[PDB]
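Student: Residues 4 to 176, 183 to 354, numbered by the deposited numbering, are exactly what the sequence shown covers, in order. Before anything else, here's the structure in question.
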Amino acid sequence: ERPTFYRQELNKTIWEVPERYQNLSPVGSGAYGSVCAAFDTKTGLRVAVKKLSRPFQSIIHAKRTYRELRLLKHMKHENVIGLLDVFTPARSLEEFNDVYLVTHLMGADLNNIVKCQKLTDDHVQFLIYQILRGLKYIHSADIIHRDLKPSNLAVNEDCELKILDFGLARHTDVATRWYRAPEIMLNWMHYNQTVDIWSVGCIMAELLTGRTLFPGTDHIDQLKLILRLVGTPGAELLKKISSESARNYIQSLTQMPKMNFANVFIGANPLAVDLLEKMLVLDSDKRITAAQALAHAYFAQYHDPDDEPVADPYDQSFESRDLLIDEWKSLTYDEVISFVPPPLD
Ligand SMILES: Nc1ccccc1Nc1ccc(C(=O)c2ccccc2)cc1
Ligand SMILES: CCCCCCCCO[C@@H]1O[C@H](CO)[C@@H](O)[C@H](O)[C@H]1O
Ligand SMILES: CCCCCCCCO[C@@H]1O[C@H](CO)[C@@H](O)[C@H](O)[C@H]1O
């Protein structure tokens, strides 16, 4: 049953993977692990293999490992990262120290294919459609991404797109704040799912114009540039702000009106402009949802209400728990062992 493993060293780190994975080649890394391209001899497809970095170093790393594995085991949608395989070279819990995750290799992300460049209107429709199709699914399981940015959006040669949990922050050969909802930067501590729609708006704008929509130098500059486009908060939004200091500061600003978006995005498909107007609203309760956005006329050539599925319910109850490092490790180990690969279809 247990496959036979082999060892090699890659960028000062040891990789121990089953023989089925061949021609490991680094493609990059992030805060939580390093990623290699490989050939999967079982399917004949190319895969991405992520080795998590120091998965059980602290209580927080351990819980973060468990969270990532539990999440990735639940995602089963064409526009969301899915797990082909999860393995460890350990034969038992006592020696369990390394965790590797496997997904379909995409080969690029939207940090790249922007090229700092204009994409055509039809390419924008298709890419933003797939993003929203993925988010409808994610949001239906009451998961909010919260950190959407071009690097989270993996794209293959067919322009097929998947949302990653974490992309490559470094590529073996773009500020995150640029894509953040204003409520995130104000530390609201309670979020709507439409925090992610804000980010989509930012990405859609950039693809249509070739320019970063709000290239702030910091969170304060970021908000300054946002208010410039969308205007200062209205009385209706103001009613909903409990924070006295946030309210007092906002009300003390030289008040500004919402710009005419048609003027800002001159030349763009008016349907795209209309959709941008419905994503980029300060008040998160008035932003369009992923489900509503799919049914916007902009996506008429793609929208299929019978092929935009929702997710099985997802149990996030472990988030409220405070466990020992060996308990998170053991729970993660149980998840490695219970893993059922998808069919080769
Ligand atoms: N997050 C995670 C979880 C489990 C396994 C892997 C990952 N992470 C990635 C998945 C796919 C890719 C790419 O296909 C890619 C993107 C940009 C450039 C080259 C290739 C990159 C990272
Ligand atoms: C599979 C697609 C859904 C992915 C949902 C989780 C995306 C990552 O979630 C991010 O994790 C970070 C580190 O833990 C946190 O600091 C961020 O607040 C959070 O947005
Ligand atoms: C310059 C600062 C203005 C930013 C105002 C952001 C308002 C975001 O919108 C708020 O989102 C909350 C969820 O986080 C909801 O609870 C509120 O009902 C909603 O109005």
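Note that beta-carbon positions come from the ideal geometry of N, C-alpha and C, so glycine has one too.
How do the region 264 to 274 and the region 153 to 165 stand: do at least 3 beta-carbon pairs fall below 8 Å, yes or no?
Tutor: The region 264 to 274 vs the region 153 to 165: no contact.
Student: For ligand 3, is there any heavy atom lying closer than 7 Å to the beta carbon of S252?
Tutor: Numbered from 1 along the sequence shown, position 243 holds the residue referred to as residue 252. Incorrect: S252 has no Cβ contact closer than 7 Å to ligand 3.
Student: Using only the heavy atoms of ligand 2, determine whether one of them is closer than 7 Å to the beta carbon of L135.
Tutor: Here residue 135 refers to the residue found at position 132 of the sequence shown. Checking every heavy atom of ligand 2 against the Cβ of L135, none is found closer than 7 Å.
Student: Report the partner residues of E12 according to the DSSP bridge assignment.
Tutor: Here residue 12 is taken as the residue at index 9 of the sequence shown, counted from 1. Partner(s): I17.
Student: If you scan the region 236 to 260 from start to end, which runs of the alpha helix (DSSP H) of 4 or more residues do you find wholly inside it?
Tutor: List check, alpha helix (DSSP H) in window: 244 to 247, 253 to 260.
Student: My assumption, with CB atoms under 8 Å, is that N82 sits in contact with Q133. Please give the rounded CB distance.
Tutor: As a working note, residue 82 is residue 79 in the sequence shown. As a working note, residue 133 is residue 130 in the sequence shown. Right, their Cβ atoms sit about 5 Å apart.
Student: Ends of the alpha helix (DSSP H) at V204?
Tutor: Here residue 204 is taken as the residue at index 195 of the sequence shown, counted from 1. Taken as a continuous stretch (DSSP letters only), the alpha helix (DSSP H) holding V204 covers 204 to 218.
Student: From the DSSP secondary-structure annotation, give me the bridge partner or partners of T106.
Tutor: Within the sequence shown, the letter at position 103 stands for residue 106. In DSSP, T106 forms a bridge with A51.
Student: Just how far apart, CA to CA, sit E12 and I229?
Tutor: The sequence position of residue 12 within the sequence shown is 9, counting from 1. The sequence position of residue 229 within the sequence shown is 220, counting from 1. Each residue's Cα considered, the two are about 43 Å apart.
Student: Where does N14 land, buried or exposed, given buried means 16+ other C-beta within 10 angstroms?
Tutor: Along the sequence shown, one-based indexing puts residue 14 at 11. Exposed: under 16 other Cβ atoms inside 10 Å.
Student: What does the alpha-carbon distance come out to for the pair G240 and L234?
Tutor: Counting from 1 along the sequence shown, the entry for residue 240 is found at position 231. Counting from 1 along the sequence shown, the entry for residue 234 is found at position 225. Using only the alpha carbons, I get a separation of about 10 Å.
Student: Determine the contact status of residue 2 and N159, defining contact as a CB-CB distance below 8 Å.
Tutor: Because the chain is modelled from 4 through 354, residue 2 falls outside the range shown and cannot be assessed.
Student: From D150 to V319, what distance separates their C-alpha atoms?
Tutor: Position 147 of the sequence shown, counted from the start, is the residue given in the question as residue 150. Position 310 of the sequence shown, counted from the start, is the residue given in the question as residue 319. The straight-line gap from Cα to Cα measures roughly 21 Å.
Student: How do the region 248 to 255 and the region 337 to 349 stand: do at least 3 beta-carbon pairs fall below 8 Å, yes or no?
Tutor: Cβ pair count under 8 Å is below three, so no.
Student: Considering Cα atoms alone, identify which of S37, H142, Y323 is closest to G170.
Tutor: Taking the sequence shown and counting its residues from 1, one reaches residue 170 at position 167. The shortest Cα separation from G170 among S37, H142, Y323 belongs to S37.
Student: Can you give the beta carbon distance from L332 to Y307, rounded, assuming they're within the 8 Å contact cut?
Tutor: Within the sequence shown, the letter at position 323 stands for residue 332. Within the sequence shown, the letter at position 298 stands for residue 307. With 8 Å as the limit, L332 and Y307 do not qualify as a contact, their Cβ atoms being about 46 Å apart.
Student: Bridge partners for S32 per DSSP, in chain order?
Tutor: As a first step, residue 32 must be located in the sequence shown, where it is residue number 29. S37, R173, per the DSSP bridge assignment.
Student: May I ask you to report which of helix, strand or coil DSSP gives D124?
Tutor: As a working note, residue 124 is residue 121 in the sequence shown. If DSSP states are grouped into helix, strand and coil, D124 belongs with the helices.
Student: Can you tell me whether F129 is helix, strand or coil according to DSSP?
Tutor: Here residue 129 corresponds to residue number 126 of the sequence shown, with the count starting at 1. The answer is helix: DSSP assigns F129 an H, G or I state.
Student: Any heavy atom of ligand 3 closer than 7 Å to the CB of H199?
Tutor: Residue 199 sits at position 190 when you count from the first residue of the sequence shown. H199: yes, Cβ under 7 Å from ligand 3.
Student: Can you have a look at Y9 and say buried or exposed, based on whether 16 or more other CB atoms are within 10 angstroms of its CB?
Tutor: The count along the sequence shown starts at 1 and reaches residue 9 at position 6. Answer is exposed; the Cβ neighbour count stays below 16.
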